[PDB]
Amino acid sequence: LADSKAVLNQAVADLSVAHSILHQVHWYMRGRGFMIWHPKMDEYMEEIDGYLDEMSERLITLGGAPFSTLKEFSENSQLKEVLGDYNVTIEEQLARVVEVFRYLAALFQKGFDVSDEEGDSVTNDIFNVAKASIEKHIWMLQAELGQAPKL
């Protein structure tokens, strides 16, 4: 189960960075739609926190060792962060979230595949459920942005 543990830990790092990025969007948001999207980022952060709980606990349960320092999150995550900026528009902010979500969904697909190969059905299900809700958020964010989900 080496690869299942590896992708779960990858998720630990990526979810940590994704939560940070979402927090930035939440904080620096400006433009029409703020009142609805500002708290929505908070909802998205709670959902990301949720996946982190599920995945980190599964990794520990499997005898793994979750990344657990900002240095490890940053260095292992494939997501890049930039300085907060109030001048970013609402469309740009939402587009950035969509792109973070597409990355997460692809990671979850890899997680699904890897765990399926090793026969780790519990881990497999964790990734399937997370991927489903994230893809649903992509649909809604894309709809707000006037586009098809284009998964």
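Start at 1 with the first residue shown and count on from there.
- Look at the mean CA B-factor for 95-103 and for 78-86 in the entry; the higher one is 78-86.
- In the deposited entry, the Cα temperature factor of residue 121 sits in the middle third of values across the chain's modelled residues.
- The PDB entry assigns residue 40 a C-alpha temperature factor belonging to the middle third of its chain's modelled residues.
- Among all modelled residues in this chain, the alpha-carbon of residue 60 has a temperature factor (C-alpha) in the lowest third.
- Among the modelled residues of the chain, residue 49 sits in the highest third by CA temperature factor in this PDB entry.
- Ranked against the other modelled residues of its chain, the C-alpha B-factor of residue 108 as given in the entry falls in the lowest third.
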